[PDB]
Amino acid sequence: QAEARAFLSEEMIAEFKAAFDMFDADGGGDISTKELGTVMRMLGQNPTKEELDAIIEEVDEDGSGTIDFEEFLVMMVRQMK
Ligand SMILES: [Ca+2]
Ligand SMILES: [Ca+2]
């Protein structure tokens with residue numbers, strides 16, 4: 001979470017915040033399975049709660065069951081590497 005904000009350009013960070021901000025429908029600061037499922041559906045997919053659970057669990061370092069912004073950058077940086 002330290003190296004992600006390092007790796008990246010301020011430009012990339014900005015576009016990532018925008019996206020995050022799109023996913024975080026209630027503006028509370030983290031993405032829940034409900035939020036995740038809602039957007040996935042917009043993208044044609046049909047995920048189950050399990051599936052959603054498994055996706056967040058890969059990037060969830062604090063065990064909150066939700067994805068915050070820092071966990072969100074890591075999932076994209078990890079994506080770029
Ligand atoms: Ca939220
Ligand atoms: Ca979390």
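For reference, positions follow the sequence shown, starting with 1. All ligand and atom numbering here is 1-based and tracks the order in the structure.
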Opening angle between OD1 in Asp26 and OE2 in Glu35, taken at the Ca ion (ligand 1), to 10 degrees: 80°
pair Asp62-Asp68: side-chain heavy atoms closer than 4.5 Å: yes
Atom of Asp62 nearest the Ca ion (ligand 2) (restricted to N/O/S, atom name only): OD1
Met76 and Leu8: CA distance, side-chain angles, deciding distance, side-chain contact (heavy atoms from CB on, under 4.5 Å) verdict: CA-CA 10 Å; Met76 299 187 167; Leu8 324 147; over 6 Å; no
Apex the Ca ion (ligand 2) - arms OD1 from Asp60 and OE2 from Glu71 - angle rounded to 10°: 90°
Proximal heteroatom of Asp24 relative to the Ca ion (ligand 1) (N/O/S): OD1
Minimum-distance pair of heavy atoms, taken over all atoms of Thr66 and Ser32: CG2-CA, 4.3 Å
Heavy-atom neighbours of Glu3 CD exceed 12 at 6.0 Å: no
Neighbour count above 12 (heavy atom, 6.0 Å) for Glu57 CD: no
N, O or S atom of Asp30 closer to the Ca ion (ligand 2) than 3.0 Å: no
